[PDB]
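The chain below stands alone and is given in structure tokens; this is the form deposited in one PDB entry.
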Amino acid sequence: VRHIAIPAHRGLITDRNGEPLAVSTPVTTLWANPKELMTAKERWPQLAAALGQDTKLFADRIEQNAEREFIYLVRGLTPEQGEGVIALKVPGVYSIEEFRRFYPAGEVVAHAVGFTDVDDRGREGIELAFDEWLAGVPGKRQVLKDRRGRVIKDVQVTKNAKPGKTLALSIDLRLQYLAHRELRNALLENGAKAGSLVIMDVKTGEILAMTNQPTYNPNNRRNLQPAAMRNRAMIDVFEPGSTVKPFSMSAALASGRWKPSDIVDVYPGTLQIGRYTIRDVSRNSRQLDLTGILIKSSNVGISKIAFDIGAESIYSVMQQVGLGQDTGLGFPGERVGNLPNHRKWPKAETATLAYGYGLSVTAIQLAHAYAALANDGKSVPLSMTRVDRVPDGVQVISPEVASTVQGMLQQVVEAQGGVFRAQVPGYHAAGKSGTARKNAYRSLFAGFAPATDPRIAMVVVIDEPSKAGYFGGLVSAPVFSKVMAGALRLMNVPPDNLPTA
């Protein structure tokens, strides 16, 4: 070896407003030339001590490497700690200036941002996804050494290091902190195993927050529990159950065959389909209108609509809003779930599609589909980076149908017998609860606000709540209420439901 590499300064990662999320910090690595150390053995114990190493094990290491001209002693010290050991003047001890990431927000955005390894290479999250952008390129310095490997000098910088480039995420750290706190709070209030919360800008496709529990502090490389390192919002797939009923309803309203005031008879709350029985969560209904089917969350009601309009129409809307489909994000480990298709849809599969059973999605997909509904039926491609020019997007549901469904979902939140815990102080909001039997349950709420001129969509997933209440409208709805109330205020959306008159 006639060169040493010159590490490049890795690009700053910020939130959408320039708040630092991953910052390259100076550290110093110490290395030694055993051939030189072998001439200076009386110094070894002082050096061993400086390095926190056992005297005899350190001596054993040097002796075993006596034929080598390079070994690492320790990596990633503070500059001051490194200078401290260099100041001992032990022959054959040298230092290299390197970088280590610091993550100022720690566990709050750990799953989005990810982490680098000891060599400063991205290995999880955004650090990995945008590694090429962030990394820049190392330089090279030619060195002169004697025949024992003693470093005499730097001869010159052959190649200069090129710094990596700054990256501004879509995340709004203010919203990320709020979501993080409120998801953690709800997890603890419910004794739950895990959860995720996603907030999206419905107009721009930006992911404004994406938080999961459990989480981890990426600044601390000890312990490390891989289960806490899971970006569940992107990696965990789940059956969305009742939260997809608004897409079934969109298909119904688009077919020409259904209007909101139409009635379906769901008595006696079960419906036999050959060997399979559809069963409603509550079984105290006969006639329901279409908004009532959503309020009551009736699997029987949505199934009967599905039989009438056919599964193909429902599958198309779900596919178009992105359920079970690749997001087109860069993101390491992201899963796609599954939206089943059929050459010919049998009756059972038509019903189960319509109420979200036996298909699987991620929280990011579900939030993206709600964002399309909220954005007057126009889907904008997802982004984990700040969006300055908004892409054109794709009109997936007709604006009229989107408008009608928005209004129904506002009634789901606001009407008698609805999901009152999702109501957002100061604002009209809209959305739909779900509960999936995995007994072990996952509690869901998906929605957007304000209900007119929607601005943000949100999905809350609470995995295995362990108190007697486990329904999405009980467990996840209040998290939507609190997080939406804070997020809208932070975004300076004027309240559209303050008390009047």
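Think of the rigid core as the biggest set of C-alphas that the two forms share within 1.5 Å after superposition. So that there is no doubt, residue numbering starts at 1 and follows the sequence shown.
What comes next is about the form deposited in another entry, which does not appear here.
S.K.: After aligning the rigid core, which of 263, 339, 168, 71 is the one whose Cα travels 2 Å or more between the shown form and the other one?
M.R.: So the only displaced C-alpha belongs to 71.
S.K.: Tell me whether residue 307 is among the residues that move between the shown form and the other one (Cα shift of 2 angstroms or more, core superposed).
M.R.: No, the C-alpha moves less than 2 Å.
S.K.: Core superposed first: is there a CA shift of 2 Å or greater at residue 279 between the shown form and the other one?
M.R.: Result for residue 279: no, shift under 2 Å.
S.K.: Aligning on the rigid core, do we see the C-alpha of residue 85 shift 2 angstroms or more between the shown form and the other one?
M.R.: It does, since the residue 85 C-alpha is displaced 2 Å or more between the shown form and the other one after the core fit.
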